[PDB]
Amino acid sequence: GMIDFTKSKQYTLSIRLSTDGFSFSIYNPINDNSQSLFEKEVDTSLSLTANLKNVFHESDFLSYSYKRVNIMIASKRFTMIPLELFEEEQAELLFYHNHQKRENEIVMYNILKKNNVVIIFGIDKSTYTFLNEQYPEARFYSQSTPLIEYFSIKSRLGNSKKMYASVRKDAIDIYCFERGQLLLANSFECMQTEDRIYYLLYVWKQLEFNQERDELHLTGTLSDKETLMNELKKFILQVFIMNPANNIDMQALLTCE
């Protein structure tokens, strides 16, 4: 899908930020197609903001003008609240009653009107300041926002409850559903197979999922897959590796408004 960069003013740039790497895609609504334009490997010895400044300096495509710029923050620092329980004035209070206080952090939120939920999420302030300078009208999202919208729709096929787990290098993001209704959205810090299984099974038991009927769908960084699947299969009889097995975020972000 060759991008004509001189037409960038008609296109949408989507940027995914995480400690595991940065992803960029350009979406053309005129001919209706996407292009994963670049994958920037992050230097784990530098901060998020320092990595960002480096990639903006090195990349000619990022400073073209786009019609729209979406920024997705992949992080465990988010909290879901049902829309009927959400009040803007309570957003920061709610967030800090679930996450440790942090001075260089800004709290934002996305309303998912169709799903009746709100995702309150943190973003590093230095990172926000830098991105707001480059893109004054960028739209900021928690990675959980498009994932919930996407998984909500996928969960309607079949009369089973569904657990969707997006595995990242240092965390697992868990999204549970019953016929399109979000039951739970949370992230747990974990690096290895034993911890990943621990949280998946904890949530399964917490939500009283049926070991025979209900389903676990996995996507993302699936290291030590054989061990992970062998252990999960002892308890969850319906376990699947989603298609695509990686980068579902952009697929998700592309399916929604």
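Counting begins at 1, following the sequence as shown.
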Could you check which stretch, 157-165 or 77-85, carries the larger mean CA temperature factor in the entry?
157-165
The stretch carrying the higher mean Cα B factor in the deposited entry, 136-144 or 182-190, is 182-190
Given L216, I197, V203, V42, the residue at which the Cα B factor reaches its maximum:
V42
Lowest, middle or highest third - CA B-factor, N246:
highest
Third of the chain, ranked by Cα B-factor, where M229 sits
middle
Can you tell me whether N54 has a C-alpha B-factor in the lowest, middle or highest third compared with the other modelled residues of the same chain?
lowest
Considering only modelled residues of the same chain, in which third does the CA B-factor of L207 rank: lowest, middle or highest?
lowest
Entry-reported Cα temperature factor of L62, expressed as the chain third it lands in
middle
